[PDB]
Each structure stands twice: as structure tokens, then as C-alpha cells.
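Note: the block below is structure_21.pdb and it holds PDB, C-alpha atoms.
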```pdb
ATOM      1  CA  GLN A   1       4.405  56.540  13.820  1.00  0.00           C
ATOM      2  CA  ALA A   2       7.352  54.161  13.569  1.00  0.00           C
ATOM      3  CA  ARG A   3       4.943  51.555  12.177  1.00  0.00           C
ATOM      4  CA  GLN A   4       4.533  53.774   9.108  1.00  0.00           C
ATOM      5  CA  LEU A   5       8.289  54.140   8.598  1.00  0.00           C
ATOM      6  CA  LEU A   6       8.866  50.425   9.197  1.00  0.00           C
ATOM      7  CA  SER A   7       6.111  49.620   6.687  1.00  0.00           C
ATOM      8  CA  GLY A   8       7.444  51.998   4.036  1.00  0.00           C
ATOM      9  CA  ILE A   9      10.944  50.543   4.332  1.00  0.00           C
ATOM     10  CA  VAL A  10       9.741  46.995   3.644  1.00  0.00           C
ATOM     11  CA  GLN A  11       7.738  48.441   0.751  1.00  0.00           C
ATOM     12  CA  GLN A  12      10.890  50.218  -0.429  1.00  0.00           C
ATOM     13  CA  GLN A  13      13.013  47.066  -0.184  1.00  0.00           C
ATOM     14  CA  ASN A  14      10.652  45.109  -2.434  1.00  0.00           C
ATOM     15  CA  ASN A  15      10.729  48.002  -4.907  1.00  0.00           C
ATOM     16  CA  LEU A  16      14.534  47.996  -5.042  1.00  0.00           C
ATOM     17  CA  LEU A  17      14.553  44.202  -5.362  1.00  0.00           C
ATOM     18  CA  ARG A  18      12.127  44.220  -8.294  1.00  0.00           C
ATOM     19  CA  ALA A  19      14.240  46.914  -9.960  1.00  0.00           C
ATOM     20  CA  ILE A  20      17.354  44.758  -9.534  1.00  0.00           C
ATOM     21  CA  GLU A  21      15.527  41.784 -11.064  1.00  0.00           C
ATOM     22  CA  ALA A  22      14.378  43.802 -14.079  1.00  0.00           C
ATOM     23  CA  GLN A  23      17.871  45.260 -14.498  1.00  0.00           C
ATOM     24  CA  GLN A  24      19.274  41.724 -14.394  1.00  0.00           C
ATOM     25  CA  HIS A  25      16.933  40.721 -17.221  1.00  0.00           C
ATOM     26  CA  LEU A  26      17.980  43.856 -19.102  1.00  0.00           C
ATOM     27  CA  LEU A  27      21.628  42.915 -18.548  1.00  0.00           C
ATOM     28  CA  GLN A  28      21.135  39.379 -19.859  1.00  0.00           C
ATOM     29  CA  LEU A  29      19.764  40.937 -23.041  1.00  0.00           C
ATOM     30  CA  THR A  30      22.944  43.039 -23.159  1.00  0.00           C
ATOM     31  CA  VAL A  31      25.001  39.838 -22.998  1.00  0.00           C
ATOM     32  CA  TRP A  32      23.064  38.211 -25.845  1.00  0.00           C
ATOM     33  CA  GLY A  33      23.741  41.227 -28.054  1.00  0.00           C
ATOM     34  CA  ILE A  34      27.478  41.239 -27.343  1.00  0.00           C
ATOM     35  CA  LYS A  35      27.766  37.509 -28.059  1.00  0.00           C
ATOM     36  CA  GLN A  36      25.684  37.983 -31.203  1.00  0.00           C
ATOM     37  CA  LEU A  37      28.029  40.722 -32.432  1.00  0.00           C
ATOM     38  CA  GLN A  38      31.101  38.710 -31.427  1.00  0.00           C
ATOM     39  CA  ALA A  39      29.825  35.762 -33.474  1.00  0.00           C
ATOM     40  CA  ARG A  40      29.287  38.058 -36.468  1.00  0.00           C
ATOM     41  CA  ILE A  41      32.876  39.336 -36.276  1.00  0.00           C
ATOM     42  CA  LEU A  42      34.216  35.793 -35.889  1.00  0.00           C
TER      43      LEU A  42
ATOM     44  CA  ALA B   1      15.295  53.101  18.310  1.00  0.00           C
ATOM     45  CA  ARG B   2      14.785  55.594  15.484  1.00  0.00           C
ATOM     46  CA  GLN B   3      18.582  55.902  15.413  1.00  0.00           C
ATOM     47  CA  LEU B   4      18.664  52.750  13.274  1.00  0.00           C
ATOM     48  CA  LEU B   5      15.601  53.420  11.121  1.00  0.00           C
ATOM     49  CA  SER B   6      17.382  56.689  10.311  1.00  0.00           C
ATOM     50  CA  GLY B   7      20.497  54.824   9.190  1.00  0.00           C
ATOM     51  CA  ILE B   8      18.407  52.396   7.145  1.00  0.00           C
ATOM     52  CA  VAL B   9      16.474  55.125   5.319  1.00  0.00           C
ATOM     53  CA  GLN B  10      19.818  56.700   4.404  1.00  0.00           C
ATOM     54  CA  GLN B  11      21.096  53.323   3.186  1.00  0.00           C
ATOM     55  CA  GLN B  12      17.953  52.971   1.055  1.00  0.00           C
ATOM     56  CA  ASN B  13      18.908  56.252  -0.612  1.00  0.00           C
ATOM     57  CA  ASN B  14      22.396  55.060  -1.564  1.00  0.00           C
ATOM     58  CA  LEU B  15      21.026  51.756  -2.862  1.00  0.00           C
ATOM     59  CA  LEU B  16      18.328  53.523  -4.871  1.00  0.00           C
ATOM     60  CA  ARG B  17      20.889  55.939  -6.316  1.00  0.00           C
ATOM     61  CA  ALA B  18      23.150  52.989  -7.148  1.00  0.00           C
ATOM     62  CA  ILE B  19      20.250  51.336  -8.999  1.00  0.00           C
ATOM     63  CA  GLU B  20      19.755  54.602 -10.891  1.00  0.00           C
ATOM     64  CA  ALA B  21      23.429  55.042 -11.766  1.00  0.00           C
ATOM     65  CA  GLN B  22      23.628  51.431 -12.946  1.00  0.00           C
ATOM     66  CA  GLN B  23      20.528  52.028 -15.087  1.00  0.00           C
ATOM     67  CA  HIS B  24      22.265  54.877 -16.920  1.00  0.00           C
ATOM     68  CA  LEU B  25      25.217  52.527 -17.343  1.00  0.00           C
ATOM     69  CA  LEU B  26      22.888  49.863 -18.762  1.00  0.00           C
ATOM     70  CA  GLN B  27      21.269  52.267 -21.231  1.00  0.00           C
ATOM     71  CA  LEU B  28      24.757  53.343 -22.321  1.00  0.00           C
ATOM     72  CA  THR B  29      25.670  49.726 -23.086  1.00  0.00           C
ATOM     73  CA  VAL B  30      22.456  49.279 -25.086  1.00  0.00           C
ATOM     74  CA  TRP B  31      23.405  52.368 -27.096  1.00  0.00           C
ATOM     75  CA  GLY B  32      26.823  50.898 -27.864  1.00  0.00           C
ATOM     76  CA  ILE B  33      25.304  47.568 -28.901  1.00  0.00           C
ATOM     77  CA  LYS B  34      22.826  49.319 -31.195  1.00  0.00           C
ATOM     78  CA  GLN B  35      25.596  51.384 -32.806  1.00  0.00           C
ATOM     79  CA  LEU B  36      27.941  48.451 -33.366  1.00  0.00           C
ATOM     80  CA  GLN B  37      25.090  46.233 -34.555  1.00  0.00           C
ATOM     81  CA  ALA B  38      23.865  48.779 -37.108  1.00  0.00           C
ATOM     82  CA  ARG B  39      27.336  49.476 -38.522  1.00  0.00           C
ATOM     83  CA  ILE B  40      27.652  45.749 -39.299  1.00  0.00           C
TER      84      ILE B  40
ATOM     85  CA  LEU C   1      11.979  42.047  12.239  1.00  0.00           C
ATOM     86  CA  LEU C   2      14.373  44.992  12.167  1.00  0.00           C
ATOM     87  CA  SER C   3      17.385  42.680  12.010  1.00  0.00           C
ATOM     88  CA  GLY C   4      15.638  41.281   8.932  1.00  0.00           C
ATOM     89  CA  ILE C   5      15.456  44.656   7.195  1.00  0.00           C
ATOM     90  CA  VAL C   6      19.156  45.295   7.841  1.00  0.00           C
ATOM     91  CA  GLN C   7      20.083  41.963   6.256  1.00  0.00           C
ATOM     92  CA  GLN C   8      17.748  42.677   3.344  1.00  0.00           C
ATOM     93  CA  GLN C   9      19.828  45.837   2.870  1.00  0.00           C
ATOM     94  CA  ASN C  10      22.937  43.632   2.770  1.00  0.00           C
ATOM     95  CA  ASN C  11      21.351  41.266   0.242  1.00  0.00           C
ATOM     96  CA  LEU C  12      20.403  44.141  -2.067  1.00  0.00           C
ATOM     97  CA  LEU C  13      23.861  45.680  -1.656  1.00  0.00           C
ATOM     98  CA  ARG C  14      25.693  42.482  -2.606  1.00  0.00           C
ATOM     99  CA  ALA C  15      23.312  42.024  -5.549  1.00  0.00           C
ATOM    100  CA  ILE C  16      24.103  45.543  -6.776  1.00  0.00           C
ATOM    101  CA  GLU C  17      27.798  44.698  -6.408  1.00  0.00           C
ATOM    102  CA  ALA C  18      27.327  41.554  -8.498  1.00  0.00           C
ATOM    103  CA  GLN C  19      25.368  43.537 -11.083  1.00  0.00           C
ATOM    104  CA  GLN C  20      28.324  45.928 -11.223  1.00  0.00           C
ATOM    105  CA  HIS C  21      30.794  43.121 -11.930  1.00  0.00           C
ATOM    106  CA  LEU C  22      28.553  42.127 -14.833  1.00  0.00           C
ATOM    107  CA  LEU C  23      28.336  45.716 -16.090  1.00  0.00           C
ATOM    108  CA  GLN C  24      32.143  45.848 -15.995  1.00  0.00           C
ATOM    109  CA  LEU C  25      32.249  42.742 -18.196  1.00  0.00           C
ATOM    110  CA  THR C  26      29.719  43.982 -20.755  1.00  0.00           C
ATOM    111  CA  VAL C  27      31.453  47.368 -20.980  1.00  0.00           C
ATOM    112  CA  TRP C  28      34.751  45.570 -21.619  1.00  0.00           C
ATOM    113  CA  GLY C  29      33.129  43.440 -24.316  1.00  0.00           C
ATOM    114  CA  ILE C  30      31.535  46.425 -26.046  1.00  0.00           C
ATOM    115  CA  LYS C  31      34.943  48.118 -26.007  1.00  0.00           C
ATOM    116  CA  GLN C  32      36.723  45.162 -27.622  1.00  0.00           C
ATOM    117  CA  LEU C  33      34.080  45.086 -30.360  1.00  0.00           C
ATOM    118  CA  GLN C  34      34.077  48.869 -30.828  1.00  0.00           C
ATOM    119  CA  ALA C  35      37.810  49.141 -31.497  1.00  0.00           C
ATOM    120  CA  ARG C  36      37.519  46.047 -33.713  1.00  0.00           C
ATOM    121  CA  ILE C  37      34.759  47.576 -35.858  1.00  0.00           C
TER     122      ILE C  37
ATOM    123  CA  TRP D   1      31.595  57.484 -28.947  1.00  0.00           C
ATOM    124  CA  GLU D   2      33.987  59.852 -27.187  1.00  0.00           C
ATOM    125  CA  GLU D   3      31.031  61.188 -25.206  1.00  0.00           C
ATOM    126  CA  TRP D   4      30.084  57.547 -24.578  1.00  0.00           C
ATOM    127  CA  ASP D   5      33.452  56.791 -22.970  1.00  0.00           C
ATOM    128  CA  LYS D   6      33.032  59.875 -20.777  1.00  0.00           C
ATOM    129  CA  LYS D   7      29.533  58.914 -19.630  1.00  0.00           C
ATOM    130  CA  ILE D   8      30.875  55.427 -18.870  1.00  0.00           C
ATOM    131  CA  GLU D   9      33.710  56.712 -16.677  1.00  0.00           C
ATOM    132  CA  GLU D  10      31.307  59.237 -15.143  1.00  0.00           C
ATOM    133  CA  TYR D  11      28.698  56.719 -13.981  1.00  0.00           C
ATOM    134  CA  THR D  12      31.315  54.058 -13.224  1.00  0.00           C
ATOM    135  CA  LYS D  13      33.058  56.364 -10.748  1.00  0.00           C
ATOM    136  CA  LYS D  14      29.696  57.425  -9.298  1.00  0.00           C
ATOM    137  CA  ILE D  15      28.576  53.816  -8.813  1.00  0.00           C
ATOM    138  CA  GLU D  16      31.797  52.794  -7.089  1.00  0.00           C
ATOM    139  CA  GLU D  17      31.383  55.751  -4.724  1.00  0.00           C
ATOM    140  CA  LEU D  18      27.786  54.815  -3.894  1.00  0.00           C
ATOM    141  CA  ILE D  19      28.908  51.222  -3.300  1.00  0.00           C
ATOM    142  CA  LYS D  20      31.686  52.453  -0.998  1.00  0.00           C
ATOM    143  CA  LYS D  21      29.334  54.739   0.942  1.00  0.00           C
ATOM    144  CA  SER D  22      26.667  52.019   1.117  1.00  0.00           C
ATOM    145  CA  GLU D  23      29.079  49.448   2.571  1.00  0.00           C
ATOM    146  CA  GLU D  24      30.116  51.891   5.302  1.00  0.00           C
ATOM    147  CA  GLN D  25      26.472  52.585   6.155  1.00  0.00           C
ATOM    148  CA  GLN D  26      26.034  48.809   6.204  1.00  0.00           C
ATOM    149  CA  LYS D  27      29.106  48.374   8.423  1.00  0.00           C
ATOM    150  CA  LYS D  28      27.117  50.361  10.988  1.00  0.00           C
ATOM    151  CA  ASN D  29      23.426  49.458  10.957  1.00  0.00           C
TER     152      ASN D  29
ATOM    153  CA  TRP E   1      17.294  41.652 -33.117  1.00  0.00           C
ATOM    154  CA  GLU E   2      13.870  43.309 -33.379  1.00  0.00           C
ATOM    155  CA  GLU E   3      12.465  41.141 -30.592  1.00  0.00           C
ATOM    156  CA  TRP E   4      15.660  42.180 -28.788  1.00  0.00           C
ATOM    157  CA  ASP E   5      14.850  45.871 -29.284  1.00  0.00           C
ATOM    158  CA  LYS E   6      11.357  44.907 -28.110  1.00  0.00           C
ATOM    159  CA  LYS E   7      12.405  43.269 -24.837  1.00  0.00           C
ATOM    160  CA  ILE E   8      14.952  46.054 -24.222  1.00  0.00           C
ATOM    161  CA  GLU E   9      12.415  48.891 -24.191  1.00  0.00           C
ATOM    162  CA  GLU E  10       9.950  46.576 -22.437  1.00  0.00           C
ATOM    163  CA  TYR E  11      12.272  46.182 -19.437  1.00  0.00           C
ATOM    164  CA  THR E  12      13.537  49.768 -19.665  1.00  0.00           C
ATOM    165  CA  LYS E  13       9.926  50.878 -19.175  1.00  0.00           C
ATOM    166  CA  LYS E  14       9.546  48.341 -16.361  1.00  0.00           C
ATOM    167  CA  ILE E  15      12.659  49.674 -14.606  1.00  0.00           C
ATOM    168  CA  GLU E  16      11.932  53.387 -15.026  1.00  0.00           C
ATOM    169  CA  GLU E  17       8.557  52.848 -13.348  1.00  0.00           C
ATOM    170  CA  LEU E  18      10.078  50.919 -10.438  1.00  0.00           C
ATOM    171  CA  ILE E  19      12.653  53.701 -10.082  1.00  0.00           C
ATOM    172  CA  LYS E  20       9.693  56.098  -9.999  1.00  0.00           C
ATOM    173  CA  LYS E  21       7.820  54.121  -7.332  1.00  0.00           C
ATOM    174  CA  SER E  22      11.027  53.947  -5.281  1.00  0.00           C
ATOM    175  CA  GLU E  23      11.883  57.660  -5.245  1.00  0.00           C
ATOM    176  CA  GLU E  24       8.344  58.578  -4.201  1.00  0.00           C
ATOM    177  CA  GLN E  25       8.514  55.891  -1.507  1.00  0.00           C
ATOM    178  CA  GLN E  26      11.942  57.150  -0.429  1.00  0.00           C
ATOM    179  CA  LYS E  27      10.432  60.625  -0.088  1.00  0.00           C
ATOM    180  CA  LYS E  28       7.820  59.239   2.320  1.00  0.00           C
ATOM    181  CA  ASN E  29      10.350  57.658   4.681  1.00  0.00           C
TER     182      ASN E  29
ATOM    183  CA  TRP F   1      36.732  35.922 -24.483  1.00  0.00           C
ATOM    184  CA  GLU F   2      36.897  32.485 -22.861  1.00  0.00           C
ATOM    185  CA  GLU F   3      37.516  34.234 -19.547  1.00  0.00           C
ATOM    186  CA  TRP F   4      34.807  36.814 -20.230  1.00  0.00           C
ATOM    187  CA  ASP F   5      32.483  33.845 -20.797  1.00  0.00           C
ATOM    188  CA  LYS F   6      33.595  32.368 -17.462  1.00  0.00           C
ATOM    189  CA  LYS F   7      33.004  35.553 -15.466  1.00  0.00           C
ATOM    190  CA  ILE F   8      29.650  36.334 -17.104  1.00  0.00           C
ATOM    191  CA  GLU F   9      28.094  32.992 -16.175  1.00  0.00           C
ATOM    192  CA  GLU F  10      29.840  33.062 -12.791  1.00  0.00           C
ATOM    193  CA  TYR F  11      28.506  36.456 -11.700  1.00  0.00           C
ATOM    194  CA  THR F  12      25.167  35.632 -13.339  1.00  0.00           C
ATOM    195  CA  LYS F  13      24.801  32.603 -11.068  1.00  0.00           C
ATOM    196  CA  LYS F  14      25.910  34.758  -8.127  1.00  0.00           C
ATOM    197  CA  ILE F  15      23.331  37.513  -8.611  1.00  0.00           C
ATOM    198  CA  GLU F  16      20.551  34.983  -9.216  1.00  0.00           C
ATOM    199  CA  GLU F  17      21.312  33.321  -5.871  1.00  0.00           C
ATOM    200  CA  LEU F  18      21.238  36.732  -4.187  1.00  0.00           C
ATOM    201  CA  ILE F  19      17.911  37.485  -5.890  1.00  0.00           C
ATOM    202  CA  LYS F  20      16.385  34.245  -4.606  1.00  0.00           C
ATOM    203  CA  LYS F  21      17.862  34.915  -1.165  1.00  0.00           C
ATOM    204  CA  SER F  22      16.239  38.361  -1.238  1.00  0.00           C
ATOM    205  CA  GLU F  23      12.858  36.995  -2.345  1.00  0.00           C
ATOM    206  CA  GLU F  24      12.966  34.781   0.757  1.00  0.00           C
ATOM    207  CA  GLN F  25      13.965  37.499   3.232  1.00  0.00           C
ATOM    208  CA  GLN F  26      11.379  39.841   1.703  1.00  0.00           C
ATOM    209  CA  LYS F  27       8.471  37.466   2.358  1.00  0.00           C
ATOM    210  CA  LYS F  28       9.755  36.784   5.879  1.00  0.00           C
ATOM    211  CA  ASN F  29      10.099  40.513   6.608  1.00  0.00           C
TER     212      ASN F  29
END
```
For this file, write the structure as C-alpha cells.
Amino acid sequence: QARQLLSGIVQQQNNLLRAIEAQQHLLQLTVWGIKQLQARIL
Amino acid sequence: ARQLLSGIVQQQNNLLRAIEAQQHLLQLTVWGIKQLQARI
Amino acid sequence: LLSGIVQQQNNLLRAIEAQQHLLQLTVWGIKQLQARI
Amino acid sequence: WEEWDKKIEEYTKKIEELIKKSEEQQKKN
Amino acid sequence: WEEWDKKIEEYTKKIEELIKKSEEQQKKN
Amino acid sequence: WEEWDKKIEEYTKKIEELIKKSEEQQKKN
């Protein structure tokens, strides 16, 4: 009973962590673009 | 006991919804980059 | 192991908070470029 | 762009709320 | 820039799926 | 923009240490 909830929470935490990692990669792309546009203006 | 698993599951919700709100914020910043990049 | 899940919640939370500082910075940058262009 | 600024402020405010509510739930568990 | 557009939608897909897996898993708990 | 550059790399390093710290705790858990 509580071993199913405890197992799904650890499963959930790895899901959230992998989402954060992907979002961090997506954000580092965002930073490249901004620097690339800044360089073009300068 | 299940008092604390209940508080954790709720916390998972807020974290998940934060991930989702930040994702909309990320897509919005992509949109701005694509608009500024195309104009120049 | 339950004390480990609660601290994993804290790790994720602080990571989201760091992600949000970075979002703040990229939104600022896009705004400086937008008004400039 | 004006809609863009609104969606920014919208999700910004919503994120900072979720962060606030998540840190209180954390200052508990 | 086109590889940029490529990696953008690549990770956007990757995230949207993880958000999907997470909501369904949240619904279980 | 200097300062923007500072904060970007700074918070980038921060989140990447939290990610590694979470990869550890996740395997332990």
C-alpha cells in the first residue's frame, strides 16, 4: 500500500529531475541565441 | 506515517506545476529570440 | 529513505529557483534587444 | 509583443507563487 | 541558427513528454 | 551586459551543481 506510493514518488522525483535537466539544456540554447543577437547588434 | 507522504505528494504537485510554468516561460523566450532574429 | 525523498524535494526546489534566476536574466536580455531593435 | 509582455508577467507571477508555496510545504515536511 | 531551431524543438519535445509522464505519475500518487 | 554575463555563468554553475547533487540523491533513494 504505502510501498506503492513510496515507489511512485521516487519515480516522480526522477521524472521532475530529468525535466529540469532538459529545461536547463533548453535554457542554455536560449542564452546562445541572446548572445548571438547581441553580437549582431554590436 | 502517511501524514508526511501526503505532504510530499502535494509538494510534488507544486514542483511539477513550477516546471510547467517555467516551460511556458521558456517557450515565450524562444518566441522572442525567433522574432528578433528574423527581423535582423 | 523517507528523509532522502524530502531532501530530494529540496534539491529539486532549489534547482527550480536557480532556473528561475536564469529565466529572469534571459527575459531581461530579450527585453534590452527588443527595445533596441 | 504586447501580448508577449503580458504572458511573461502572467507566468512570472505564477512561478513566484508556486515557489513561495513550495518553500512553505518544504518548511514543513 | 537552423541547428539551433533543431535542438530547440528537440528538447521541447523531450520536455513535453517528461511533463506528460509526470502528470500521469502525479495522478497515481 | 558584463554583469548579465556574470550572473548567467554564476547561476549556470549553481544549477549544474544542484543537478549533480540530485543525480546522487536519486540513485541513493
Check: which chain C residues lie within 9 Å of chain A using all atoms listed in the file, as a short mmCIF file (atom, residue, chain, number, x, y, z; two decimals) with C-alpha atoms, keeping the file's coordinate frame:
```cif
data_model
loop_
_atom_site.label_atom_id
_atom_site.label_comp_id
_atom_site.auth_asym_id
_atom_site.auth_seq_id
_atom_site.Cartn_x
_atom_site.Cartn_y
_atom_site.Cartn_z
CA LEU C 2 14.37 44.99 12.17
CA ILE C 5 15.46 44.66 7.20
CA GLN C 8 17.75 42.68 3.34
CA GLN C 9 19.83 45.84 2.87
CA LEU C 12 20.40 44.14 -2.07
CA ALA C 15 23.31 42.02 -5.55
CA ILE C 16 24.10 45.54 -6.78
CA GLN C 19 25.37 43.54 -11.08
CA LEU C 22 28.55 42.13 -14.83
CA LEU C 23 28.34 45.72 -16.09
CA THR C 26 29.72 43.98 -20.76
CA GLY C 29 33.13 43.44 -24.32
CA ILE C 30 31.54 46.42 -26.05
CA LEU C 33 34.08 45.09 -30.36
CA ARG C 36 37.52 46.05 -33.71
CA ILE C 37 34.76 47.58 -35.86
#
```
Residues returned when the PyMOL selection byres ((chain E) within 9 of (chain B)) runs on this file, as an mmCIF file with C-alpha atoms, in the frame of the given file:
```cif
data_model
loop_
_atom_site.group_PDB
_atom_site.id
_atom_site.type_symbol
_atom_site.label_atom_id
_atom_site.label_comp_id
_atom_site.auth_asym_id
_atom_site.auth_seq_id
_atom_site.Cartn_x
_atom_site.Cartn_y
_atom_site.Cartn_z
ATOM 1 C CA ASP E 5 14.850 45.871 -29.284
ATOM 2 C CA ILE E 8 14.952 46.054 -24.222
ATOM 3 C CA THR E 12 13.537 49.768 -19.665
ATOM 4 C CA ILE E 15 12.659 49.674 -14.606
ATOM 5 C CA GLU E 16 11.932 53.387 -15.026
ATOM 6 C CA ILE E 19 12.653 53.701 -10.082
ATOM 7 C CA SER E 22 11.027 53.947 -5.281
ATOM 8 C CA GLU E 23 11.883 57.660 -5.245
ATOM 9 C CA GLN E 26 11.942 57.150 -0.429
ATOM 10 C CA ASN E 29 10.350 57.658 4.681
#
```
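Atom pair CA of residue 3 (chain F) / CA of residue 42 (chain A): separated by 16.7 Å.
Relative to CA of residue 28 (chain C), CA of residue 2 (chain F) is found at 13.3 Å.
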Chain D least-squares fitted onto chain E over all paired Cα atoms, as a short mmCIF file (atom, residue, chain, number, x, y, z; two decimals) with C-alpha atoms, keeping the file's coordinate frame:
```cif
data_model
loop_
_atom_site.label_atom_id
_atom_site.label_comp_id
_atom_site.auth_asym_id
_atom_site.auth_seq_id
_atom_site.Cartn_x
_atom_site.Cartn_y
_atom_site.Cartn_z
CA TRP D 1 17.10 41.40 -33.07
CA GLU D 2 13.62 42.84 -33.48
CA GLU D 3 12.56 40.86 -30.41
CA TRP D 4 15.71 42.18 -28.73
CA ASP D 5 14.67 45.80 -29.29
CA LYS D 6 11.24 44.98 -27.84
CA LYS D 7 12.67 43.32 -24.72
CA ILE D 8 14.94 46.36 -24.29
CA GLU D 9 12.06 48.85 -24.43
CA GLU D 10 10.00 46.51 -22.25
CA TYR D 11 12.48 46.28 -19.37
CA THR D 12 13.65 49.87 -19.83
CA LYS D 13 10.11 51.18 -19.28
CA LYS D 14 9.63 48.78 -16.35
CA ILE D 15 12.87 49.90 -14.69
CA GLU D 16 12.06 53.59 -15.02
CA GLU D 17 8.67 52.91 -13.42
CA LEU D 18 10.23 51.02 -10.50
CA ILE D 19 12.73 53.87 -10.06
CA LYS D 20 9.87 56.40 -10.06
CA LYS D 21 7.83 54.39 -7.55
CA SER D 22 10.91 53.77 -5.38
CA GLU D 23 11.78 57.48 -5.19
CA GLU D 24 8.24 58.30 -4.05
CA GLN D 25 8.40 55.61 -1.37
CA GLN D 26 11.76 57.12 -0.42
CA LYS D 27 10.28 60.64 -0.37
CA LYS D 28 8.12 59.33 2.48
CA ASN D 29 10.04 56.97 4.76
#
```
Taking the file above as input, evaluate the ChimeraX specification (/D :<8) & /C and report the hits as a PyMOL selection string.
chain C and resi 6+9-10+13+17
